[PDB]
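Whatever this is, show me its structure:
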Amino acid sequence: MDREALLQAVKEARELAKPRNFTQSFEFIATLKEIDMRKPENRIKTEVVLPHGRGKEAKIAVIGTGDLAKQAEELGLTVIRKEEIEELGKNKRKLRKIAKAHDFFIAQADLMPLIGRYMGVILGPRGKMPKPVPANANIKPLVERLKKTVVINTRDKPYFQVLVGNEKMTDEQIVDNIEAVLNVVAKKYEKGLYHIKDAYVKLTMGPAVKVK
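Numbers count the residues shown, from 1 in each chain. You can find the structure just below:
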């Protein structure tokens with residue numbers, strides 16, 4: 001459970017994976033013990049800002065107007081103006097395309113009702129409803145964090161698998177990222193990491209390697 005054991009797991013996952021014509025990602029898998037997932041409070045659905053990022057930044061879309069839209073343009077983000085909300089609702093094909101092309105959505109708070117009404121049917125089931133922010137909010141800090149954010153989601157099962165980086169990053173960075181993921185479990189349960197039954201590290205198409 002210590003850093004050295006994590007470092008060894010990352011190393012092995014990396015070495016045991018047959019090379020491929022694409023940058024593989026490291027996935028961290030953890031099974032949980034003595035946690036009753038029938039109780040909604042025990043489930044995990046928390047965002048985690050990875051210290052060294054996901055390897056490739058997460059794609060963010062901003063739904064809004066005024067200066068929120070301007071900031072989104074300045075940050076090089078996809079912008080969906082208020083008028084486009086209903087247009088997207090009529091073009092579900094395009095909306096699904098946009099949903100699939102982005103990891104997170106940010107939206108002007110006063111537009112959430114409209115967004116839920118026309119875009120929610122697509123974003124909701126995909127866990128991509130927007131994080132609301134005041135229309136006068138400075139979104140750079142939020143965008144910075146989201147670009148390096150991954151989501152731990154157990155649903156109603158005693159385990160989770162989450163992205164922790166890619167092979168272009170160093171093993172040290174991957175372990176730092178994994179530690180950030182583990183800190184979530186540490187803070188959620190009273191006994192913390194005592195609940196980790198088994199942990200594994202694997203590359204996209206490589207074998208899962210058990211930690212320690």
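
Would you mind listing the buried residues in stretch 118-136?
Taking 16 or more other Cβ atoms under 10 Å as the neighbour-count basis, stretch 118-136 is seen to contain the buried residues 118-120, 122-123, 128-130, 132-133. C-beta coordinates here come from the backbone N, C-alpha and C atoms, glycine included.

helices and strands around the helix ranked longest in the chain, which ones?
Taking DSSP state H as the assignment, the helix of the chain that covers the most residues is helix 171-188. Using 3 or more Cβ pairs under 8 Å, 6 or more residues apart in numbering; DSSP states H and E as the contact definition, the elements that helix 171-188 packs against are helix 3-16, strand 25-32, strand 45-49, strand 149-153, strand 159-166, strand 196-203.

List the buried residues in it.
For helix 171-188, burial by neighbour count (16+ other Cβ under 10 Å) applies to 171, 173-178, 180-182, 184-185, 188.

what's the closest of those to residue 6?
The closest of the buried residues of helix 171-188 to residue 6 turns out to be residue 175 (Cβ to Cβ; 4.5 Å).

Find the nearest non-adjacent residue to the closest one, please.
Using Cβ to Cβ, 6 or more residues apart in numbering and skipping the chain neighbours, the partner closest in space to residue 175 is residue 6 (4.5 Å).

my read: the one you found touches residue 209, true?
No: applying Cβ atoms under 8 Å as the test, residue 6 and residue 209 come out as separate, 10.7 Å apart.

what is in contact with the two at once?
With contacts defined as Cβ atoms under 8 Å, 6 or more residues apart in numbering, the residues adjacent to both residue 6 and residue 209 are residue 201.

Which one of the buried residues of stretch 118-136 is nearest to residue 33?
The shortest distance between residue 33 and any of those, using Cβ to Cβ, involves residue 128 and amounts to 31.2 Å.

Is it possible to get the buried residues of helix 171-188 out as CSV so that each row also shows distance to residue 155?
As requested, the buried residues of helix 171-188 are exported to CSV (distance: Cβ to Cβ, whole Å):
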residue, distance to residue 155
171, 29
173, 28
174, 24
175, 26
176, 26
177, 22
178, 21
180, 21
181, 16
182, 19
184, 15
185, 15
188, 15
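
Give me the residues contacting stretch 95-114.
Contacts of stretch 95-114 (Cβ under 8 Å, 6+ apart): 58-66, 68, 72, 78, 80, 82, 85-86, 88-89, 115, 119, 122-123, 126, 128-135, 139, 142-143, 146, 149.

Looks like residue 10 contacts residue 173 (just checking).
No: at 9.5 Å, residue 10 does not count as touching residue 173 under the criterion of Cβ under 8 Å.

So which bits of stretch 151-158 are buried?
Within stretch 151-158, the residues that qualify as buried are 151-152, 154, 158, counting by 16+ other Cβ under 10 Å.

For these, could you give me a markdown table that also reports distance to residue 95?
Formatted as a markdown table, the entries for the buried residues of stretch 151-158 read as follows, by distance: Cβ to Cβ, whole Å:
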| residue | distance to residue 95 |
| --- | --- |
| 151 | 21 |
| 152 | 26 |
| 154 | 28 |
| 158 | 34 |
